Amino acid sequence: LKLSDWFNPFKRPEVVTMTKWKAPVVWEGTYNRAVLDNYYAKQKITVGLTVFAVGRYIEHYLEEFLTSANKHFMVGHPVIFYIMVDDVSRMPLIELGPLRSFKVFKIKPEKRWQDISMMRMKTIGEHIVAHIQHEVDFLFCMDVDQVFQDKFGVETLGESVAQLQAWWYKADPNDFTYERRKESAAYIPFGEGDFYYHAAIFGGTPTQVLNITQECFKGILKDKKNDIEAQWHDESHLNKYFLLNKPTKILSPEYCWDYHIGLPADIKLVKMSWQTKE
Ligand SMILES: O=c1ccn([C@@H]2O[C@H](COP(=O)(O)OP(=O)(O)O)[C@@H](O)[C@H]2O)c(=O)[nH]1
Ligand SMILES: [Mn+2]
Ligand SMILES: [Mn+2]
């Protein structure tokens, strides 16, 4: 497969379509999903998706997340939803369509919501080693408080995939909300940084996602031993990781849009939107 076979960056000339390290930034209009659908079908790939729903997040977001994912996520390819909840009896078991199946795991609920978010890195890694590495070719790790609005397909696959955060995709790096304290493992000094990635979505092959989660959690543990906590928790760490280990593919803000920003010219077709105003 060649880059030209599926990627046409010139189709969206008003936005960044490729990074300095040659990672394509996938925007609506630049990808050929039909070509990729056929390419991946022939390889018989399976894609996984992890999602955590602890406490009130179960009834507030889980059903809406899964229902939309069933309809829009990697349509036409085998998909396995890995659902981590603290109360399985609470599990809305909706009806899944062709090529969709799931697996539910009961996890321990952390007390602080910040710890719930950060502990996902630990848990995801454990599950990748234990079973995901043997079940899928690519995996996406997502926040539950969002909904798929349109096709989110194979055009998003890659070794390591990062998501451009909706509010800062056009901002100058020094304005990014990176962890700015050198005592933290997530530290990124002013004058450095490529983009501000959203921890709500990231993925790639099981091996790469394992590294992303293992390193982010290591960083999280280190800060805890140094009596400090990154400004934006797992997201600060994720951004530090992607700075040191450049993602091979980046998804435009259309793949994780905040409607509270409105809908500017650059956002042509939203594939997923946030649930909350922050
Ligand atoms: O009480 C909580 C806090 C967090 N989470 C999980 O971790 C994610 C990150 O939390 P959150 O979405 O709240 O962060 P935000 O996007 O607002 O920044 C959620 O999407 C959930 O999957 C959860 O299940 N229950
Ligand atoms: Mn969220
Ligand atoms: Mn954010």
Of the residues that make up the stretch 164-175, is at least one buried (at least 22 other Cβ atoms within 10 Å of the Cβ), out of contact with any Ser or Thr (no Cβ under 7 Å at 6 or more places or on another chain) and over 16 Å from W274 (Cβ atoms)?
no
Filtered residues of the stretch 191-213 (kept if more than 14 Å from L49 (Cα to Cα), touching a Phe, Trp or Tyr at 6+ places or on another chain (Cβ under 7 Å) and of a type in the set (S, T, Y))
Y196, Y197
Can you tell me which residues in the stretch 149-178 are out of contact with any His (no Cβ under 9 Å at 6 or more places or on another chain) and among the β-branched types (V, I, T)?
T156, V161, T177
Being more than 16 Å from ligand 3 (Cβ to nearest atom) and of a type outside the set (A, V, I, L, M) is the requirement here; does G153 meet it?
yes
Tell me which residues, restricted to the stretch 155-177, are closer than 24 Å to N211 by Cα, within 14 Å of the chain's Cα centre (by Cα) and either within 16 Å of ligand 1 (Cβ to nearest atom) or of a type outside the set (D, E) (or both).
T156, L157, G158, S160, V161, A162, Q163, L164, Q165
Pick out the one residue from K246, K224, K271 that is among the charged types (D, E, K, R), on the phi < 0 side of the Ramachandran plot and in contact with a strand residue (DSSP E or B) (Cβ under 7 Å, 6 or more places away or on another chain).
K271
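Evaluate the stretch 120-139: report whether one residue or more is of a type in the set (D, E), in contact (Cβ under 8 Å) with a residue 12 or more places away in the chain and either more than 12 Å from ligand 1 (Cβ to nearest atom) or closer than 20 Å to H198 by Cβ (or both).
yes
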Subset of the stretch 29-60 (residues that are within 16 Å of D5 (Cα to Cα) and not aliphatic (A, V, I, L, M)):
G29, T30, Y31, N32, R33, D37, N38, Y39, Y40, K42
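Checking the structure you have, find out if any residue of the stretch 75-84 is surrounded by fewer than 19 Cβ atoms within 10 Å (Cβ to Cβ) and in contact with a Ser or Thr (Cβ under 7 Å, 6 or more places away or on another chain).
Yes; the residues of the stretch 75-84 include at least one that is surrounded by fewer than 19 Cβ atoms within 10 Å (Cβ to Cβ) and in contact with a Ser or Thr (Cβ under 7 Å, 6 or more places away or on another chain).
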If a residue counts only when it is away from ligand 1 (no atom under 16 Å from the Cβ), which strands (runs of 3 or more DSSP E) contained entirely in the stretch 178-278 have at least 2 such residues?
249-251
Quick check, is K249 over 24 Å from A130 (Cβ atoms), touching a helix residue (DSSP H, G or I) at 6+ places or on another chain (Cβ under 8 Å) and either away from ligand 2 (no atom under 16 Å from the Cβ) or β-branched (V, I, T) (or both)?
yes
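Do we find that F65 is surrounded by 15 or more Cβ atoms within 10 Å (Cβ to Cβ), in a strand (DSSP E or B) and in contact (Cβ under 8 Å) with a residue 24 or more places away in the chain in this structure?
Values: surrounded by 15 or more Cβ atoms within 10 Å (Cβ to Cβ): yes; in a strand (DSSP E or B): no; in contact (Cβ under 8 Å) with a residue 24 or more places away in the chain: yes.
In short, no.
We place every Cβ from the backbone using ideal geometry, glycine too, and count neighbours over all the protein chains shown. Readers should treat all values here as calculations from the given coordinates under stated rules, not as data from a laboratory.
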